[PDB]
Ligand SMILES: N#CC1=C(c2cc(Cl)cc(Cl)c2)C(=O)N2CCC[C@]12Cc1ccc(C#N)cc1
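The chain below stands alone and is given in structure tokens; this is the form solved without this ligand.
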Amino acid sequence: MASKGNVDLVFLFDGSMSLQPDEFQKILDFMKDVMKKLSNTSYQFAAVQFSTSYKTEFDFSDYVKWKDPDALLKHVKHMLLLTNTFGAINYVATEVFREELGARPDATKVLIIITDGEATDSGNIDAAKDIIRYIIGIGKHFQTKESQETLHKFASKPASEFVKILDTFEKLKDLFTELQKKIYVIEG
């Protein structure tokens, strides 16, 4: 079912050159908020910073072990490169979503992509077709309709649900609240 309690939430969060320190700190804050509020074993979190490259900040096992976002995020070094969303999605799909790294099979396979930038790679994401690509398009490069439309290709379906155009990092708090409202029903 959807509301099976168990959730593997991968934050595939962008730290491209496009993001500036404060903005990126708000990206951190957002993840940190979810993690704080949902500090329980039901919700396993992982976070992959990405740009040109993908960078596992921490995995499900790490979360399970430490259960503190501030600790878990200590690894964050802002990369400031391109935005290889597709390669990072494939990486996540194959490498991050593993039992050995703490991905319980019965967990809801949630991949929350946080990006202000279009997918500079645009290779494939078939590897992740079954994984829930939730995507937050910050209205910097997703200000443009043409750019927004790309999100709906990356995202899981219905894209209407899974894509959130987010005019500014400022609204991460509002978005967070909305996501909590929904995710509450998944936790039950």
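Residue indices: 1-based, along the sequence shown.
Form deposited with this ligand bound: not shown, discussed below.
Placed here by superposing the C-alphas around the site, this ligand (as posed in the entry with it bound) has at least 3 atoms within 2.4 Å of backbone or C-beta atoms: blocked pocket. No residue in the set 28, 77 and 79 has a non-hydrogen atom no more than 4.5 Å from this ligand in the entry with it bound. Exactly one of the stretches 33 to 41, 56 to 64, 145 to 153, 116 to 124 approaches this ligand in the entry with it bound with heavy atoms within 4.5 Å, and it is 33 to 41. Contact between residue 180 and this ligand in the entry with it bound is found at the 4.5 Å heavy atom cutoff.
Although the partner is absent here, residue 112 lies within 4.5 Å of this ligand in the entry with it bound, judged by heavy atoms. Although the partner is absent here, residue 19 is not a contact residue: none of its heavy atoms lies within 4.5 angstroms of this ligand in the entry with it bound.
Mapping the unseen interface onto this chain, residue 11 counts among the residues with a heavy atom inside 4.5 Å of this ligand in the entry with it bound. In the entry with it bound, this ligand lies within 4.5 angstroms of at least one heavy atom of each of the following residues of 160 to 176: 161, 164, in sequence order.
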